[PDB]
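Trainee: Got a structure for you, structure-v7.csv, holding CSV, C-alpha atoms and all ligand atoms.
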```
chain,number,residue,atom,x,y,z
S,1,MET,CA,24.6,22.6,-18.4
S,2,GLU,CA,28.2,21.6,-19.3
S,3,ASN,CA,28.2,19.8,-15.9
S,4,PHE,CA,25.7,17.2,-17.1
S,5,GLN,CA,25.8,14.4,-19.6
S,6,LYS,CA,22.4,13.5,-21.1
S,7,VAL,CA,21.9,9.8,-21.1
S,8,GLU,CA,18.5,9.6,-22.8
S,9,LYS,CA,15.3,11.5,-23.4
S,10,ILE,CA,12.7,10.2,-20.9
S,11,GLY,CA,9.7,12.1,-22.1
S,12,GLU,CA,8.1,15.4,-23.1
S,13,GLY,CA,6.9,17.3,-20.1
S,14,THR,CA,4.5,20.2,-20.0
S,15,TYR,CA,7.3,22.7,-20.2
S,16,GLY,CA,10.0,21.0,-22.3
S,17,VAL,CA,11.9,17.9,-22.8
S,18,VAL,CA,12.9,15.7,-19.8
S,19,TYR,CA,16.2,13.8,-19.9
S,20,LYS,CA,17.8,11.3,-17.7
S,21,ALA,CA,21.3,12.8,-17.1
S,22,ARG,CA,24.5,12.2,-15.2
S,23,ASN,CA,26.4,14.9,-13.1
S,24,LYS,CA,29.8,14.9,-14.9
S,25,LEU,CA,31.3,15.3,-11.4
S,26,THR,CA,29.5,13.6,-8.5
S,27,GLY,CA,28.3,10.9,-11.0
S,28,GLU,CA,24.8,11.5,-9.7
S,29,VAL,CA,22.0,10.3,-12.0
S,30,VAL,CA,19.2,13.0,-12.2
S,31,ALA,CA,16.2,14.1,-14.2
S,32,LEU,CA,16.9,17.3,-16.1
S,33,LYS,CA,14.0,19.4,-17.3
S,34,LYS,CA,14.3,22.2,-19.9
S,35,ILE,CA,11.7,25.0,-19.2
S,36,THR,CA,8.8,36.1,-10.5
S,37,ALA,CA,9.2,32.6,-11.9
S,38,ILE,CA,12.7,32.4,-10.6
S,39,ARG,CA,11.8,33.4,-7.0
S,40,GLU,CA,8.9,30.9,-6.9
S,41,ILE,CA,11.0,28.0,-8.3
S,42,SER,CA,13.9,28.9,-6.0
S,43,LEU,CA,11.5,28.6,-3.0
S,44,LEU,CA,10.5,25.0,-4.1
S,45,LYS,CA,14.1,24.0,-3.3
S,46,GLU,CA,13.2,24.0,0.4
S,47,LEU,CA,9.8,22.2,0.1
S,48,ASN,CA,11.3,18.9,0.9
S,49,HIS,CA,9.4,15.7,1.8
S,50,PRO,CA,10.0,12.0,1.1
S,51,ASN,CA,6.9,11.8,-1.1
S,52,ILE,CA,7.8,14.9,-3.2
S,53,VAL,CA,10.5,14.4,-5.9
S,54,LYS,CA,13.5,16.4,-4.7
S,55,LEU,CA,14.3,19.6,-6.6
S,56,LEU,CA,18.1,19.5,-6.5
S,57,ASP,CA,19.0,22.7,-8.4
S,58,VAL,CA,18.0,25.4,-10.8
S,59,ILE,CA,20.3,26.5,-13.6
S,60,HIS,CA,19.5,29.7,-15.5
S,61,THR,CA,22.0,30.4,-18.3
S,62,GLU,CA,21.8,32.3,-21.6
S,63,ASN,CA,18.2,33.0,-20.7
S,64,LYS,CA,17.5,29.3,-20.6
S,65,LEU,CA,16.1,27.5,-17.5
S,66,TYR,CA,16.9,24.0,-16.4
S,67,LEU,CA,15.6,22.2,-13.3
S,68,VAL,CA,17.6,19.3,-11.9
S,69,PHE,CA,15.6,16.7,-10.0
S,70,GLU,CA,16.0,13.4,-8.1
S,71,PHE,CA,15.5,10.6,-10.7
S,72,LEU,CA,12.9,7.8,-10.4
S,73,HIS,CA,12.7,4.9,-12.7
S,74,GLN,CA,9.0,4.6,-13.5
S,75,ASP,CA,5.8,6.5,-13.5
S,76,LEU,CA,2.4,5.4,-12.3
S,77,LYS,CA,0.9,5.6,-15.9
S,78,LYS,CA,3.3,2.9,-17.1
S,79,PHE,CA,2.8,0.8,-14.0
S,80,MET,CA,-1.0,0.9,-14.4
S,81,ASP,CA,-0.7,-0.1,-18.0
S,82,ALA,CA,1.6,-2.9,-17.1
S,83,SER,CA,-0.7,-4.0,-14.2
S,84,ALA,CA,-3.8,-3.9,-16.5
S,85,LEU,CA,-4.4,-7.7,-16.7
S,86,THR,CA,-4.7,-8.3,-13.0
S,87,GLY,CA,-4.8,-4.8,-11.6
S,88,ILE,CA,-2.7,-3.2,-8.8
S,89,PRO,CA,-3.4,-5.1,-5.6
S,90,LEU,CA,-5.6,-3.2,-3.1
S,91,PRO,CA,-2.9,-3.1,-0.5
S,92,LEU,CA,-0.5,-1.4,-2.9
S,93,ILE,CA,-3.2,1.1,-4.2
S,94,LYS,CA,-3.8,1.9,-0.5
S,95,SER,CA,-0.1,2.4,0.3
S,96,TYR,CA,0.3,4.7,-2.8
S,97,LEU,CA,-2.7,6.7,-1.9
S,98,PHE,CA,-1.6,7.0,1.7
S,99,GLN,CA,1.9,8.2,0.6
S,100,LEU,CA,0.5,10.7,-1.9
S,101,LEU,CA,-1.8,12.1,0.7
S,102,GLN,CA,1.3,12.6,3.0
S,103,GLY,CA,3.0,14.5,0.2
S,104,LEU,CA,-0.1,16.7,-0.4
S,105,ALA,CA,-0.5,17.3,3.4
S,106,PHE,CA,3.0,18.6,3.6
S,107,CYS,CA,2.9,20.9,0.6
S,108,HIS,CA,-0.6,22.1,1.4
S,109,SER,CA,0.6,23.0,4.9
S,110,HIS,CA,2.9,25.5,3.2
S,111,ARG,CA,0.1,26.7,0.9
S,112,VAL,CA,1.8,25.2,-2.2
S,113,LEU,CA,-0.4,23.5,-4.8
S,114,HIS,CA,0.4,21.1,-7.5
S,115,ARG,CA,-2.6,21.9,-9.8
S,116,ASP,CA,-1.8,19.3,-12.4
S,117,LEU,CA,-1.6,15.9,-10.7
S,118,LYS,CA,-1.9,13.0,-13.2
S,119,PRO,CA,-0.4,9.5,-13.4
S,120,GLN,CA,2.5,10.7,-15.5
S,121,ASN,CA,3.8,12.8,-12.7
S,122,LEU,CA,3.4,10.2,-9.9
S,123,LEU,CA,6.8,8.4,-9.8
S,124,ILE,CA,7.6,5.1,-8.2
S,125,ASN,CA,10.7,3.2,-7.1
S,126,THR,CA,11.6,-0.4,-6.3
S,127,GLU,CA,11.1,0.1,-2.5
S,128,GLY,CA,7.4,0.7,-2.7
S,129,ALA,CA,7.6,4.5,-2.5
S,130,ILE,CA,5.6,6.9,-4.7
S,131,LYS,CA,6.3,10.6,-5.1
S,132,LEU,CA,4.8,13.7,-6.7
S,133,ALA,CA,6.8,15.3,-9.5
S,134,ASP,CA,6.5,18.9,-10.7
S,135,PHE,CA,4.9,20.2,-7.5
S,136,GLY,CA,4.5,23.9,-7.6
S,137,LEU,CA,5.6,24.4,-11.2
S,138,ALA,CA,2.0,25.4,-12.2
S,139,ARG,CA,2.1,28.5,-10.1
S,140,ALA,CA,5.6,29.4,-11.3
S,141,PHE,CA,5.0,28.9,-15.1
S,142,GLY,CA,1.2,28.4,-15.5
S,143,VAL,CA,-0.7,25.4,-17.0
S,144,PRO,CA,-1.0,25.8,-20.7
S,145,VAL,CA,-3.6,24.3,-23.0
S,146,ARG,CA,-0.9,22.5,-24.9
S,147,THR,CA,2.6,21.5,-24.0
S,148,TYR,CA,5.8,22.8,-25.7
S,149,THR,CA,5.4,19.9,-28.2
S,150,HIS,CA,1.8,20.8,-28.8
S,151,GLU,CA,0.4,17.8,-26.9
S,152,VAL,CA,-2.9,18.4,-25.2
S,153,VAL,CA,-2.6,18.9,-21.5
S,154,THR,CA,-5.1,16.4,-20.1
S,155,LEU,CA,-8.3,17.6,-18.4
S,156,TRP,CA,-9.1,14.2,-16.9
S,157,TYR,CA,-8.0,15.1,-13.4
S,158,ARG,CA,-9.2,18.7,-13.3
S,159,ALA,CA,-11.4,19.9,-10.4
S,160,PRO,CA,-14.8,21.2,-11.3
S,161,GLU,CA,-14.2,24.6,-9.7
S,162,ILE,CA,-11.3,25.1,-12.2
S,163,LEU,CA,-13.5,24.1,-15.1
S,164,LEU,CA,-16.3,26.4,-13.9
S,165,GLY,CA,-13.9,29.4,-13.8
S,166,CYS,CA,-13.2,29.9,-10.1
S,167,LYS,CA,-10.1,32.2,-10.1
S,168,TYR,CA,-8.8,31.5,-6.7
S,169,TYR,CA,-9.1,27.8,-6.3
S,170,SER,CA,-7.4,26.0,-3.4
S,171,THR,CA,-5.5,23.0,-2.2
S,172,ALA,CA,-8.7,21.1,-2.7
S,173,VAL,CA,-8.0,20.9,-6.4
S,174,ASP,CA,-5.2,18.4,-5.7
S,175,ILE,CA,-7.5,16.2,-3.6
S,176,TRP,CA,-10.0,16.0,-6.5
S,177,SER,CA,-7.2,14.9,-8.8
S,178,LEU,CA,-5.9,12.3,-6.5
S,179,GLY,CA,-9.5,11.0,-6.0
S,180,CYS,CA,-9.7,10.6,-9.7
S,181,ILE,CA,-6.4,8.7,-9.7
S,182,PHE,CA,-7.5,6.5,-6.8
S,183,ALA,CA,-10.6,5.4,-8.8
S,184,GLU,CA,-8.5,4.7,-11.9
S,185,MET,CA,-6.1,2.5,-10.0
S,186,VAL,CA,-9.1,0.5,-8.6
S,187,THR,CA,-11.1,0.1,-11.8
S,188,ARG,CA,-8.2,0.1,-14.4
S,189,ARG,CA,-10.0,2.8,-16.4
S,190,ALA,CA,-9.8,6.6,-16.2
S,191,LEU,CA,-12.8,7.9,-14.2
S,192,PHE,CA,-13.6,11.1,-16.3
S,193,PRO,CA,-11.7,10.9,-19.6
S,194,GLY,CA,-12.9,14.2,-21.0
S,195,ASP,CA,-11.7,15.4,-24.4
S,196,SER,CA,-12.8,19.1,-24.1
S,197,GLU,CA,-13.7,21.3,-21.1
S,198,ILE,CA,-17.4,20.7,-21.6
S,199,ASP,CA,-17.0,17.0,-22.1
S,200,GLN,CA,-14.9,16.9,-18.9
S,201,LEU,CA,-17.6,18.8,-17.0
S,202,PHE,CA,-20.5,16.7,-18.4
S,203,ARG,CA,-18.7,13.4,-17.6
S,204,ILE,CA,-18.3,14.6,-14.0
S,205,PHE,CA,-22.0,15.6,-13.9
S,206,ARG,CA,-23.2,12.3,-15.4
S,207,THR,CA,-21.5,10.4,-12.6
S,208,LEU,CA,-21.8,12.7,-9.6
S,209,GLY,CA,-25.0,14.5,-10.6
S,210,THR,CA,-25.3,18.0,-12.0
S,211,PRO,CA,-24.2,20.3,-9.2
S,212,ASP,CA,-26.7,22.8,-7.8
S,213,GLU,CA,-27.2,25.1,-4.9
S,214,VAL,CA,-28.1,22.3,-2.6
S,215,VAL,CA,-24.8,20.4,-2.9
S,216,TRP,CA,-22.6,23.4,-3.7
S,217,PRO,CA,-23.8,26.8,-2.4
S,218,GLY,CA,-22.7,29.5,-4.9
S,219,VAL,CA,-22.1,27.1,-7.8
S,220,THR,CA,-24.7,28.8,-10.0
S,221,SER,CA,-22.9,32.1,-9.8
S,222,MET,CA,-19.5,30.9,-11.0
S,223,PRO,CA,-18.2,32.4,-14.2
S,224,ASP,CA,-18.7,29.4,-16.5
S,225,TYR,CA,-21.7,27.9,-15.0
S,226,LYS,CA,-24.7,27.9,-17.4
S,227,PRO,CA,-28.3,27.3,-16.2
S,228,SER,CA,-28.7,25.4,-19.5
S,229,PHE,CA,-26.4,22.6,-18.3
S,230,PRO,CA,-28.4,19.3,-18.5
S,231,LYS,CA,-29.5,17.9,-15.1
S,232,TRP,CA,-28.2,14.4,-14.6
S,233,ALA,CA,-28.8,12.3,-11.4
S,234,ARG,CA,-26.0,11.1,-9.2
S,235,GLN,CA,-24.8,7.5,-9.5
S,236,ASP,CA,-24.0,5.2,-6.6
S,237,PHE,CA,-20.3,4.7,-5.9
S,238,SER,CA,-21.0,1.0,-5.8
S,239,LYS,CA,-21.5,1.3,-9.6
S,240,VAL,CA,-18.6,3.6,-10.2
S,241,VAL,CA,-15.7,1.8,-8.5
S,242,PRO,CA,-16.6,-1.8,-7.9
S,243,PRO,CA,-15.4,-3.7,-6.1
S,244,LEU,CA,-13.9,-1.1,-3.7
S,245,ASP,CA,-15.0,-1.6,-0.1
S,246,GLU,CA,-17.2,0.8,1.8
S,247,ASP,CA,-14.2,2.4,3.5
S,248,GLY,CA,-12.6,3.2,0.2
S,249,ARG,CA,-15.9,4.4,-1.4
S,250,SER,CA,-16.6,6.6,1.6
S,251,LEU,CA,-13.1,8.2,1.3
S,252,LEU,CA,-13.4,8.6,-2.5
S,253,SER,CA,-16.8,10.2,-2.1
S,254,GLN,CA,-15.3,12.8,0.2
S,255,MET,CA,-12.3,13.4,-2.1
S,256,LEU,CA,-14.8,14.1,-4.9
S,257,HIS,CA,-17.2,16.4,-3.1
S,258,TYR,CA,-18.3,19.2,-5.4
S,259,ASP,CA,-17.9,22.1,-2.8
S,260,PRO,CA,-14.2,22.6,-2.4
S,261,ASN,CA,-14.7,24.0,1.1
S,262,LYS,CA,-16.2,20.6,2.1
S,263,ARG,CA,-14.0,18.3,0.1
S,264,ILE,CA,-11.8,16.4,2.5
S,265,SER,CA,-8.3,17.7,3.2
S,266,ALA,CA,-5.2,15.6,2.8
S,267,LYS,CA,-4.7,15.7,6.6
S,268,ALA,CA,-8.2,14.5,7.3
S,269,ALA,CA,-8.0,11.9,4.7
S,270,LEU,CA,-4.9,10.3,6.4
S,271,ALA,CA,-7.1,9.7,9.4
S,272,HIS,CA,-9.8,8.0,7.4
S,273,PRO,CA,-10.7,4.4,8.5
S,274,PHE,CA,-9.7,3.2,5.0
S,275,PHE,CA,-6.1,3.5,6.2
S,276,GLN,CA,-6.5,1.5,9.4
S,277,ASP,CA,-4.7,-1.5,7.9
S,278,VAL,CA,-2.3,0.3,5.6
S,279,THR,CA,1.0,-1.4,4.8
S,280,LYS,CA,3.9,-0.8,2.4
S,281,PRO,CA,4.1,-3.6,-0.1
S,282,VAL,CA,6.8,-3.7,-2.7
S,283,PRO,CA,5.7,-3.6,-6.4
S,284,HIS,CA,7.2,-5.8,-9.0
S,285,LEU,CA,9.2,-3.5,-11.1
S,286,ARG,CA,10.8,-4.7,-14.3
S,287,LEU,CA,13.4,-2.0,-15.2
L,1,LIG,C1,7.0,13.9,-14.6
L,1,LIG,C2,7.3,13.7,-16.1
L,1,LIG,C3,6.5,14.1,-17.1
L,1,LIG,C4,6.8,13.9,-18.4
L,1,LIG,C5,8.0,13.3,-18.8
L,1,LIG,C6,8.8,12.8,-17.8
L,1,LIG,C7,8.5,13.0,-16.5
L,1,LIG,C8,9.5,12.5,-15.5
L,1,LIG,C9,9.8,11.1,-15.5
L,1,LIG,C10,10.7,10.6,-14.6
L,1,LIG,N1,11.0,9.3,-14.4
L,1,LIG,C11,10.2,8.2,-15.0
L,1,LIG,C12,10.9,7.6,-16.2
L,1,LIG,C13,10.2,7.4,-17.4
L,1,LIG,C14,10.8,6.9,-18.6
L,1,LIG,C15,12.1,6.6,-18.6
L,1,LIG,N2,12.9,6.7,-17.4
L,1,LIG,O1,14.2,6.5,-17.3
L,1,LIG,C16,12.2,7.3,-16.2
L,1,LIG,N3,11.2,11.5,-13.7
L,1,LIG,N4,12.1,11.2,-12.7
L,1,LIG,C17,12.2,12.3,-12.0
L,1,LIG,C18,11.4,13.3,-12.5
L,1,LIG,BR1,11.2,15.1,-11.9
L,1,LIG,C19,10.8,12.8,-13.7
L,1,LIG,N5,9.9,13.3,-14.6
```
Re-express the file's structure as structure tokens.

Mentor:
Amino acid sequence: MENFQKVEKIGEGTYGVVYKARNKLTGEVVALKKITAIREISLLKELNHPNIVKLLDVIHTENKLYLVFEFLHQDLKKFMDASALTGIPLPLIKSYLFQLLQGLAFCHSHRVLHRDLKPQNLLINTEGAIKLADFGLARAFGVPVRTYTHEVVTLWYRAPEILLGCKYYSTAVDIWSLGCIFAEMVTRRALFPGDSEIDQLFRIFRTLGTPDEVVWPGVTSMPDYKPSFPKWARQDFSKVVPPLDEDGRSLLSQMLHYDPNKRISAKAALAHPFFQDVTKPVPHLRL
């Protein structure tokens, strides 16, 4: 750690404080995060793609663990808050979604999951890129109920199979999260802002209908499924994400399928007609 000068605290992550720092040698500006786990993290050093924030190095000293990452100036949460009045233009939402799906397709091809996608770990630069931060850390360290600072780990983007107690969930959990984020960029409001596991589950059911054996074979057997869940009818997507066009609503509906085996994959999503006219606009960033 003596090789880094901390510039400023840039937030509190799931696992510890996150700092903007400078390599006392190369002058490189990085994000420094204080955190079997060693081997898993070490492997993430090779999982490189332009839409995944680069893991530069791992430092383990005095039984302390520090991860050094490529630095980006802003997160999607702050960008959405700043874009609240007029909303993020559809072409930029589309570019971001397209880029995030490329990041997921790459990681998923290596069987690596994120498991905790949310606007705070989607990072953007001045060039119109967006990247996924903290990919793979969940498997290495787990996803706690509260962060190191006791902050509640959000449930808003959590897939229903996780909430229903599936032990061996898949890459589909990241597609669900990203679908939730897509809807939030379009409407300017979180899709399912649950404040407990049951409220999260019931918010999903109110919008998508209570799942049953017809739409999700096997759901009634899952560990935390209860026959006493209320039965809500499914809403039309035209009501849920106006004024998104039919191509976007079609893709969203596929990213939010209940049955993880039938939920669209990142690779298939990239081929969806919604991306026929995709471009890469540049956002207006005020740093
Ligand atoms: C992903 C995450 C979760 C929680 C806290 C920080 C982070 C977080 C935030 C950023 N940059 C955005 C930012 C925000 C505020 C000030 N400055 O200078 C930059 N970065 N940049 C690379 C990583 Br890797 C990272 N992780």

Trainee: Using only C-alpha atoms and all ligand atoms, which protein or nucleic acid residues are at most 8 Å from ligand LIG 1 (chain L), as a CSV table (one decimal) with C-alpha atoms, in the frame of the given file?

Mentor:
```
chain,number,residue,atom,x,y,z
S,8,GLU,CA,18.5,9.6,-22.8
S,9,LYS,CA,15.3,11.5,-23.4
S,10,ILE,CA,12.7,10.2,-20.9
S,11,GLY,CA,9.7,12.1,-22.1
S,12,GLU,CA,8.1,15.4,-23.1
S,13,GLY,CA,6.9,17.3,-20.1
S,14,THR,CA,4.5,20.2,-20.0
S,17,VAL,CA,11.9,17.9,-22.8
S,18,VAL,CA,12.9,15.7,-19.8
S,19,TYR,CA,16.2,13.8,-19.9
S,20,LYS,CA,17.8,11.3,-17.7
S,30,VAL,CA,19.2,13.0,-12.2
S,31,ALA,CA,16.2,14.1,-14.2
S,32,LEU,CA,16.9,17.3,-16.1
S,33,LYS,CA,14.0,19.4,-17.3
S,53,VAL,CA,10.5,14.4,-5.9
S,54,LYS,CA,13.5,16.4,-4.7
S,55,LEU,CA,14.3,19.6,-6.6
S,68,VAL,CA,17.6,19.3,-11.9
S,69,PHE,CA,15.6,16.7,-10.0
S,70,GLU,CA,16.0,13.4,-8.1
S,71,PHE,CA,15.5,10.6,-10.7
S,72,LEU,CA,12.9,7.8,-10.4
S,73,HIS,CA,12.7,4.9,-12.7
S,74,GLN,CA,9.0,4.6,-13.5
S,75,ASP,CA,5.8,6.5,-13.5
S,120,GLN,CA,2.5,10.7,-15.5
S,121,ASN,CA,3.8,12.8,-12.7
S,122,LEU,CA,3.4,10.2,-9.9
S,123,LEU,CA,6.8,8.4,-9.8
S,124,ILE,CA,7.6,5.1,-8.2
S,133,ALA,CA,6.8,15.3,-9.5
S,134,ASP,CA,6.5,18.9,-10.7
```

Trainee: Give one line per residue of stretch 13-110 of chain S that approaches stretch 190-197 of chain S to at most 12 Å, naming the two atoms of the closest pair and their distance in Å to one decimal, counting only C-alpha atoms; sort by chain then ascending residue number and deliver it as JSON lines.

Mentor:
```
{"residue": "S:77", "atom": "CA", "partner": "S:190", "partner_atom": "CA", "distance": 10.8}
{"residue": "S:80", "atom": "CA", "partner": "S:190", "partner_atom": "CA", "distance": 10.6}
{"residue": "S:81", "atom": "CA", "partner": "S:190", "partner_atom": "CA", "distance": 11.4}
```

Trainee: Rounded to one decimal in Å, what is the spacing between atom CA of residue S:256 and atom CA of residue S:282?

Mentor: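 It comes out at 28.1 Å.
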
Trainee: So which one's closest to residue S:97, S:83, S:51, S:261, S:250? Using all atoms listed in the file, please.

Mentor: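 Looking only at the distances to residue S:97, the closest residue turns out to be S:51.
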
Trainee: Using all atoms listed in the file and a cutoff of 9 Å, can you tell me which residues are near (-5.2, 17.3, -11.3) in the file's coordinates, and write them out as a PyMOL selection string?

Mentor: chain S and resi 114-118+154-159+173-178+180-181

Trainee: Using all atoms listed in the file, which residue out of S:7, S:285, S:186, S:21 lies closest to residue S:91?

Mentor: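 Of all the options, S:186 lies closest to residue S:91.
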
Trainee: Restricting the calculation to only C-alpha atoms: of S:130, S:93, S:84, S:138, which residue gets closest to residue S:37?

Mentor: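 Checking each of S:130, S:93, S:84, S:138 against residue S:37, counting only C-alpha atoms, the winner is S:138.
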
Trainee: What separation in Å, quoted to one decimal, exists between atom CA of residue S:95 and atom CA of residue S:277?

Mentor: 9.7 Å

Trainee: Just the residues within 7 Å of residue S:266, please, counting all atoms listed in the file, with nothing from its chain fewer than 6 positions along; format it as JSON, numbers by chain.

Mentor: {"S": [101, 104, 105, 175]}

Trainee: Just how far from atom CA of residue S:202 is atom CA of residue S:230, in Å to one decimal?

Mentor: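 About the pair atom CA of residue S:230 and atom CA of residue S:202: they are 8.3 Å apart.
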
Trainee: Rank S:208, S:65, S:217, S:107 by their smallest atom-to-atom distance to residue S:259, using only C-alpha atoms, and report the top residue only.

Mentor: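 Nearest to residue S:259: S:217.
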
Trainee: Using all atoms listed in the file, what residues lie at most 8 Å away from (-14.9, 23.5, -2.6) (file coordinates), given as a ChimeraX atom specification?

Mentor: /S:161,170,172,216,257-263

Trainee: Store the residues of this selection in a file with C-alpha atoms, as a PDB file, in the coordinates of the input.

Mentor:
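Final file, again_17.pdb:
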```pdb
ATOM      1  CA  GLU S 161     -14.200  24.600  -9.700  1.00  0.00           C
ATOM      2  CA  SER S 170      -7.400  26.000  -3.400  1.00  0.00           C
ATOM      3  CA  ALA S 172      -8.700  21.100  -2.700  1.00  0.00           C
ATOM      4  CA  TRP S 216     -22.600  23.400  -3.700  1.00  0.00           C
ATOM      5  CA  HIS S 257     -17.200  16.400  -3.100  1.00  0.00           C
ATOM      6  CA  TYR S 258     -18.300  19.200  -5.400  1.00  0.00           C
ATOM      7  CA  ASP S 259     -17.900  22.100  -2.800  1.00  0.00           C
ATOM      8  CA  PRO S 260     -14.200  22.600  -2.400  1.00  0.00           C
ATOM      9  CA  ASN S 261     -14.700  24.000   1.100  1.00  0.00           C
ATOM     10  CA  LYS S 262     -16.200  20.600   2.100  1.00  0.00           C
ATOM     11  CA  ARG S 263     -14.000  18.300   0.100  1.00  0.00           C
TER      12      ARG S 263
END
```

Trainee: Go through S:15, S:4, S:237, S:66 one by one, measure the shortest atom-to-atom distance of each to residue S:183 using all atoms listed in the file, and give the residue with the smallest value.

Mentor: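 Closest to residue S:183 of all the choices is S:237.
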
Trainee: Between S:273, S:212, S:160, S:222, which residue has the minimum interatomic distance to residue S:198, considering only C-alpha atoms?

Mentor: S:160

Trainee: For residue S:5, please output as a list in words all residues within 8 Å (counting only C-alpha atoms; exclusion window: fewer than 2 positions along the same chain).

Mentor: residues 2, 3, 7, 21, 22, 23 and 24 of chain S
